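**Q** Here we go, the starting part of the complex in its complex frame:
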Amino acid sequence: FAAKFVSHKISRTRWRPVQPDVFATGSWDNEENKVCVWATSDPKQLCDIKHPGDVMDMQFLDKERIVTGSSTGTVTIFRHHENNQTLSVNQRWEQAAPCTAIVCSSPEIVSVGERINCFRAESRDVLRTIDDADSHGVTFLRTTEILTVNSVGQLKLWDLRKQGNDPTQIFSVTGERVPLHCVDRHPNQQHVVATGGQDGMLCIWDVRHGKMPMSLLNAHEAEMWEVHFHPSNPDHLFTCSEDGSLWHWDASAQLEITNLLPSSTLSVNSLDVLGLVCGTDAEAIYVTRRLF
């Protein structure tokens, strides 16, 4: 677990599309908001992105392109031409209030706010806009269905496929205690979903099998942070908490959850792990690159 001081409170981390070796990172909360591509693995600051605007959305828009969403709900994307070390800023929209999470449905980069502005693949005009005010859960349950989850943790399946502006369905806990921080939707089947309770609970979900709260928990300490999951072992996953904490809940094992990570630090940035981070609720600086 080779740590590395960026001396920069990290907000983003991607095992890039190209194992978890091409790291990229977006550093919010600095006087000229930061992001670096090819850093570091070894200095390798090939694209330490000099950038106004911060990182709300973020996506490796190709293996040589990078999508992102900017601080005021603006939009920001370039094409990571790693050969010649320059790039071209692809997407720059003004007023898509920031965005609260980031979803995908290829290649319409869907998202949610804390209003929806469906830009898409080369859709430099804002095509779909089901402008429904949200009182941070965002994904593709099936193309192009989604489920907006307001800060009552209040999930509601809507779409952008057919017309309409309501939601089609709604997932909800009995008490709506926590706010919209961290939900889960399984790659084992895109109709399988969970969530993490900001008390330190789970909140597992059944789409077909009713709509009940399947599995809570009581394991972590703080708000639900983010979960490292294996990108091919769906079951293998480990849990975390909003100090940056991490309890290894060996879920390909059966509750085998321990003091996992190089712990006790401040928070963690954003999640992508394949072959890595599981970013916390508060996004500070940390690193380890030994994810096998």
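**A** Done, it's in. Numbering: from 1, shown residues only, chains lettered A, B, ... in the order given.
**Q** For the rest of this, base every contact and every neighbour count on C-alpha atoms.
**A** Fine.
**Q** so what's residue A:237 bridging to?
**A** Each beta-bridge partner of residue A:237 is listed here, defined by DSSP bridges: residue A:229.
**Q** which residues sit in contact with it?
**A** A:227-230, A:248-252 (CA atoms under 8 Å, 6 or more residues apart in numbering).
**Q** Filter those residues down to the buried ones and express that as a ChimeraX selection.
**A** To isolate the buried members of the contacts of residue A:237 in ChimeraX, using 16 or more other CA atoms under 10 Å:
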select /A:227,228,229,230,248,249,250,251
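**Q** Can you name the two of the contacts of residue A:237 that sit furthest apart?
**A** Pairwise distances across those peak at 13.7 Å for A:227 and A:252 (criterion: CA to CA).
**Q** quick one, strands of the stretch 101-250 of chain A?
**A** A:118-120, A:123-128, A:146-150, A:154-158, A:183-185, A:192-197, A:201-202, A:205-206, A:228-229, A:237-241, A:245-249 (DSSP state E, counting those that start in this stretch).
**Q** would you list those in JSON lines and tack on distance to residue A:97?
**A** Compiled in JSON lines, these are given as follows (distance: least, CA to CA, whole Å):
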{"stretch": "strand A:118-120", "distance to residue A:97": "16"}
{"stretch": "strand A:123-128", "distance to residue A:97": "17"}
{"stretch": "strand A:146-150", "distance to residue A:97": "15"}
{"stretch": "strand A:154-158", "distance to residue A:97": "20"}
{"stretch": "strand A:183-185", "distance to residue A:97": "22"}
{"stretch": "strand A:192-197", "distance to residue A:97": "25"}
{"stretch": "strand A:201-202", "distance to residue A:97": "29"}
{"stretch": "strand A:205-206", "distance to residue A:97": "30"}
{"stretch": "strand A:228-229", "distance to residue A:97": "29"}
{"stretch": "strand A:237-241", "distance to residue A:97": "26"}
{"stretch": "strand A:245-249", "distance to residue A:97": "29"}
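**Q** Compare the ones you listed and report which one is nearest to residue A:261.
**A** So among the strands of the stretch 101-250 of chain A, strand A:245-249 is nearest, using CA to CA, at 5.6 Å.
**Q** What residues sit buried inside the helix or strand just after that closest one?
**A** Next helix or strand after strand A:245-249 toward the C-terminus (DSSP states H and E): strand A:257-259. For strand A:257-259, the neighbour count (16+ other CA under 10 Å) marks residue A:257 as buried.
**Q** now swap in stretch A:100-107 and tell me
**A** When burial is assessed from 16+ other CA under 10 Å, stretch A:100-107 yields the following buried residues: A:100-105.
**Q** Could you do stretch A:200-208 as well?
**A** In stretch A:200-208, counting by 16+ other CA under 10 Å, buried: A:200-206.
**Q** first vs last residue of that stretch, how far apart are they?
**A** 26 Å (CA to CA, to the nearest Å).
**Q** can you add chain B next? sequence is:
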Amino acid sequence: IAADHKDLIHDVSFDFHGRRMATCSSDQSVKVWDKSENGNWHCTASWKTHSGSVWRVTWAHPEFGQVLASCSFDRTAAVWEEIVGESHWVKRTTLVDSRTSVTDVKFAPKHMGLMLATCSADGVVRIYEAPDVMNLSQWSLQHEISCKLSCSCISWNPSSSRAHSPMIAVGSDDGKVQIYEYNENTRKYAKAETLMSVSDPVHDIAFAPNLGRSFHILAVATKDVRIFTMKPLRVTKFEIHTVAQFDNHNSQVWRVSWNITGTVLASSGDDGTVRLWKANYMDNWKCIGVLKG
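**A** The block that follows adds chain B to the chains above:
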């Protein structure tokens, strides 16, 4: 960046965060600055507040909202609220009651509610409250007390209430110092004590944040700097000591300001020097350093 005021700038004030600045001048306009995240102060808005020169300005606590109060030689105080949608600031109300040109206006501490004081050539300190927080136009006149005639400055005790009682220092002319407190349920201001040994005209006075200290500190910029220590103890329940005097300005001390914590005092004067002060372990003040211009 040039203030953008044609006439001379009387006062500058920071918001709660310290990100925004308000200015007022004799050009009758109030300017609000934004400290951009890119570090340059840019003015947010400027408007013609009053008919006559605007001496003083202040910001209310951010819980109430974005409110700035202003003070003029036109004998009025105005309350303004920032409109996000914008002309940027709208008049909430006008206070006509002062029969003469007003020197100063200050919001009270946040715990008290929307409350402000003002002092004028009439020499009558007035306190206004907003009894409904919802009605920012509903400003009642809470109290009126008499002082003397000439110079004026006000400075509330910023002590959080629950821990301490409200009191306010008024510095007019002088070397004479006048101090006032609040009574139990008389609900009237009484003169607990006075700050003695005041020298020349009291250009400025400020009360220091009493964070982690039982005693209270007030500094006056006369044409000398003084620091007074107030201690209540327990009819009467007040005592002052004079901590220090400082003449290294050699001239008028126009401004005295405190740190957010009350750790640092600052003083400025006709030498064109700004001095920062720390308290010793002995509770004597020492000059840390001097900025010049």
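**Q** same question on the contacts of residue A:237, but now with chain B added
**A** By CA atoms under 8 Å, 6 or more residues apart in numbering or on different chains, the contact set of residue A:237 is A:227-230, A:248-252.
**Q** and which of those is nearest to residue B:135?
**A** Taking the contacts of residue A:237 together and measuring to residue B:135 by CA to CA, the closest member is residue A:227, at 47.4 Å.
**Q** residue contacts, that closest one?
**A** For residue A:227, counting by CA under 8 Å, 6+ apart, the contacting residues are A:237-240, A:271, A:278-279.
**Q** doesn't residue B:124 make contact with residue B:143?
**A** No: if you go by CA atoms under 8 Å, residue B:143 and residue B:124 don't touch, sitting 9.7 Å apart.
**Q** more crowded one of those two?
**A** Neighbours around residue B:143 and residue B:124, counted as other CA atoms under 10 Å in any protein chain shown, are more numerous at residue B:124. The numbers are 20 against 15.
**Q** Next up, phi/psi of the more buried one, please.
**A** Note on residue B:124: its backbone torsions stand at phi -100, psi 110 [degrees, to the nearest 10].
**Q** Can you tell me the closest non-neighbouring residue to it?
**A** residue B:146 (4.6 Å; CA to CA, 6 or more residues apart in numbering or on different chains).
**Q** Who are the contact partners of residue B:141?
**A** By CA under 8 Å, 6+ apart, the neighbours of residue B:141 are B:126-129.
**Q** so can I have JSON lines of the residues you listed showing secondary structure, distance to residue B:46 and neighbour count?
**A** Converted to JSON lines, these look like this (DSSP: H, G, I helix; E, B strand; the rest coil; distance: CA to CA, whole Å; neighbours: other CA atoms under 10 Å in any protein chain shown):
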{"residue": "B:126", "secondary structure": "strand", "distance to residue B:46": "28", "neighbour count": "19"}
{"residue": "B:127", "secondary structure": "strand", "distance to residue B:46": "27", "neighbour count": "21"}
{"residue": "B:128", "secondary structure": "strand", "distance to residue B:46": "26", "neighbour count": "20"}
{"residue": "B:129", "secondary structure": "strand", "distance to residue B:46": "26", "neighbour count": "21"}
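**Q** Looking at the residues you listed, which one is closest to residue B:270?
**A** Closest to residue B:270, out of all of the contacts of residue B:141 and judged by CA to CA, is residue B:126, at 31.4 Å.
**Q** Report how many residues lie close to the residue lying closest to that closest one once chain neighbours are set aside.
**A** Closest residue to residue B:126 apart from its sequence neighbours, by CA to CA, 6+ apart: residue B:144 at 4.6 Å. For residue B:144, the count of nearby residues is 15 (other CA under 10 Å).
**Q** and residue B:144, what is it in contact with?
**A** With CA under 8 Å, 6+ apart, residue B:144 has these contacts: B:124-127.
**Q** Where does it sit, in terms of helix or strand?
**A** strand B:140-146.
**Q** now the helix or strand following that strand: how far from the chain's centre is it?
**A** The helix or strand immediately downstream of strand B:140-146 is strand B:154-156, counting by DSSP H and E. Computed by CA atoms, centre = their mean, to the nearest Å, the chain-centroid distance of strand B:154-156 equals 5 Å.
**Q** also put chain C on there:
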Amino acid sequence: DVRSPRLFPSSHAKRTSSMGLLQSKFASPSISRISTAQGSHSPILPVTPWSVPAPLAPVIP
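**A** Adding chain C to what we have so far:
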């Protein structure tokens, strides 16, 4: 003394009259109660009003 004022404050002698003196029966003087229609109209008279106020301060009737 606020509680005492409230006990005093609750009772009313008659309607409609500006009975601050009702408060005086209470024995508590309130500046708010004192707060001058004639003075407002005036916007020498002001001096006379000031003299009247000083005399009152120095009787209640």
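**Q** since we added chain C, can you redo the neighbour count of residue B:144?
**A** 17.
**Q** Quick check: which element contains the residue of the stretch 1-150 of chain A found nearest chain B?
**A** Taking CA to the nearest CA as the measure, the point where the stretch 1-150 of chain A comes nearest chain B is residue A:31, at 6.5 Å. Using DSSP H and E, residue A:31 sits within no helix or strand.
**Q** how near is it to residue A:40?
**A** From residue A:31 to residue A:40 the distance is 21 Å (CA to CA).
**Q** Equivalent analysis for residue B:123, please.
**A** Residue B:123 is 68 Å from residue A:40, where distance means CA to CA.
**Q** of those two, who's got more company?
**A** residue B:123 (23 against 17).
**Q** Can you give the strand pairings for the strand holding residue B:144, parallel or anti for each?
**A** Strand B:140-146 is paired, per DSSP bridges, with strand B:124-129 (antiparallel).
**Q** hey, C-alpha coordinates of the partner strand in PDB?
**A** The C-alpha trace of strand B:124-129 is given here as PDB (Å, rounded to 0.1, in the frame of the first residue of the first chain):
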ATOM      1  CA  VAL B 124     -28.900  60.400  21.900                       C
ATOM      2  CA  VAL B 125     -27.900  56.700  21.600                       C
ATOM      3  CA  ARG B 126     -30.900  54.900  20.100                       C
ATOM      4  CA  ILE B 127     -31.300  51.100  19.900                       C
ATOM      5  CA  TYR B 128     -33.700  49.600  17.300                       C
ATOM      6  CA  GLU B 129     -34.800  46.000  17.300                       C
END
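**Q** OK, contacts around residue A:203?
**A** Per CA under 8 Å, 6+ apart, neighbours of residue A:203: A:183, A:194-197, A:213-217.
**Q** For chain B, which residue gets nearest to chain C?
**A** For chain B, CA to the nearest CA, closest residue to chain C: residue B:185, 5.5 Å.
**Q** Just give the number of residues close to residue B:30.
**A** Using other CA under 10 Å: residue B:30 sits among 25 other residues.
**Q** pretty sure it is touching residue B:48, no?
**A** Yes: if you go by CA under 8 Å, residue B:30 and residue B:48 touch, sitting 6.6 Å apart.
**Q** residues contacting residue B:102?
**A** Residue B:102 neighbours (CA under 8 Å, 6+ apart): B:55, B:71-77, B:118-121.
**Q** export those residues to CSV and tack on neighbour count, secondary structure and distance to residue A:152?
**A** Shown next, in CSV, are the contacts of residue B:102 (neighbours: other CA atoms under 10 Å in any protein chain shown; DSSP: H, G, I helix; E, B strand; the rest coil; distance: CA to CA, whole Å):
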residue, neighbour count, secondary structure, distance to residue A:152
B:55, 22, strand, 48
B:71, 30, strand, 45
B:72, 28, strand, 48
B:73, 21, coil, 52
B:74, 18, coil, 51
B:75, 22, coil, 50
B:76, 23, coil, 47
B:77, 26, strand, 43
B:118, 27, strand, 45
B:119, 30, strand, 49
B:120, 28, strand, 52
B:121, 21, coil, 55
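**Q** Many thanks, I have nothing further to ask.
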